[PDB]
Structures are given as C-alpha cells and as structure tokens.
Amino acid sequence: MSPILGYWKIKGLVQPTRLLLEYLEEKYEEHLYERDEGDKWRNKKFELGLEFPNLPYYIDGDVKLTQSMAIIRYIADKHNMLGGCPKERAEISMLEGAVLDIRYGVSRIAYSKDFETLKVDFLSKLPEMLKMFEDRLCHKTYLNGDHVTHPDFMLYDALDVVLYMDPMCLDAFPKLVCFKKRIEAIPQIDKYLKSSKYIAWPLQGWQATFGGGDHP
C-alpha cells in the first residue's frame, strides 16, 4: 500500500514535498481537494486518525502525519538525507528555515486586501535574503554541496513563487538562476514538471490576493 499525500490542488505548502518524492522515485498516491471541495475535506478531516488534522496530510503503513515540514523531513529521514550528526542536521535545518523566511514572507501577505502595500516591504528585504543563497552557491552545486537535500526543493519552490511576484528578482543573482535550471535538469524533476501530475497554479489558495485564481 503506497503512501497517500493529501492536499488542496495548489502548489502551496506541499509543492517541495511532491518534488522530493519525485526526485526519490518513491511511489505515492494523492488525495486532491479542488476549489469547490471544502465539504469533501471536512467530511474526511476527522476520519484519518490524525492527531492534528490539517492539510497537507501523509499516510503510510507506519505514520499518519500533518505539518508540511514534519512530512518533508520524514520522507528525507527515511532516505538518510537529514544529516549524519547534530552539526550536519543543524546546517540542513538552518537552510530549511532561511528558505521558509522567503516562502512564508510571500504567504503572510498573500491573503491581505492591502497586499500591494506589504509587498513593497517584502520586496525591499527579498534581495538581501536571496544574496545569502547566491553566496552559498558560490562554491556548492546544491545548497549542501555535491548532493541534493530537501531544502533544494524548498528553495526551488520559493524561487518559482517569488518570480511571479517580481519577474526581475533574480536579475542580480546568476547563481540562483543557474540553480533553478539545475533543479529543472534533474531527470526525475524534468519528467514530473512535464507530466499530468504537475500542478502549475495556483501558488496559494484560490481566493488569495496574490498567487490565487484558477490560472496565472
């Protein structure tokens, strides 16, 4: 019985997890909730044995999880990708948190009616945040060096989202532009992005001020 990954039919909180599963060639099935399927979720929400019912959820023959970060880390942990010692695990959690500062920075203003205003403050800080990853990639192919880790897929998703908010945000960051193309050049990722399983849009929920709507 393959694992089940449940979420809205958006990129949202789960997109890096989908990319990690595809990179690892892990079989999984999805429960997808469309824009008019809130009732289908409410009817299912307390029938999965989840201790903290929420979207996304991940169910296999061992665990029944919620919290997107617990889920992506669980998949990485099963593949010995979280780090071999406290120092390496901390480096990976620091990369993870620095990516979340960008991704959550988008989300925390995406549902406000006055998104346009708060977007200015976020975009004034975005370059300094991106510069830290540009520098990290100065002598590393991926965020943790020679091999892919789950924060690479988190960073890839963050770049995809911020490029919709500001199509020029990577004009000063050639290593980040190259990094994004490098992730797209991973055979598993390329196959996934060109597949029927890929959800291009929306980025946030359908009613969000930014990253919403049925189409870009």
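Quick note: we count residues from 1 along the sequence shown, nothing fancier. Rigid core: the largest C-alpha set superposing within 1.5 Å between the two forms.
Q: Between 181 to 189 and 39 to 47, which has the larger RMS C-alpha deviation from this form in 8 other deposited structures of this protein after core superposition?
A: Once the cores are fitted, 39 to 47 deviates more in 8 other deposited structures of this protein.
Q: Do the Cα atoms of 56 to 64 or those of 150 to 158 sit farther, on average, from the shown form in 8 other deposited structures of this protein after fitting on the core?
A: Stretch with the larger root mean square C-alpha distance in 8 other deposited structures of this protein: 56 to 64.
Q: Taking only the CA atoms, which stretch has the higher mean B-factor in the record, 117 to 125 or 96 to 104?
A: Between 117 to 125 and 96 to 104, it is 117 to 125.
Q: Which has higher Cα B-factors on average according to the PDB entry: 126 to 134 or 77 to 85?
A: Averaging CA B-factors over each stretch, the winner is 77 to 85.
Q: Of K191, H31, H150, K180, which one's C-alpha B factor is largest in the deposited record?
A: Comparing C-alpha B-factors across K191, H31, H150, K180, the maximum falls on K191.
Q: Based on the entry's values, in what third of the chain does the Cα temperature factor of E26 lie: lowest, middle or highest?
A: Within its chain, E26 is a highest-third residue by C-alpha B-factor, going by the deposited values.
Q: Give the position of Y164 by CA B-factor within its chain, expressed as the lowest, middle or highest third.
A: Middle third - that is where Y164 ends up once the chain's C-alpha B-factors are sorted.
Q: Select lowest, middle or highest to describe the third in which the CA B-factor of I71 falls within its chain in this entry.
A: It falls in the bottom third of the chain.
Q: Can you tell me which third, lowest, middle or highest, the CA B-factor of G6 falls into for its chain?
A: For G6, the deposited C-alpha B-factor lands in the lowest third.
Q: Would you mind checking where the Cα B-factor of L155 ranks among the modelled residues of its chain, as the lowest, middle or highest third?
A: Its C-alpha B-factor, which the entry lists for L155, ranks in the lowest third among residues of this chain.
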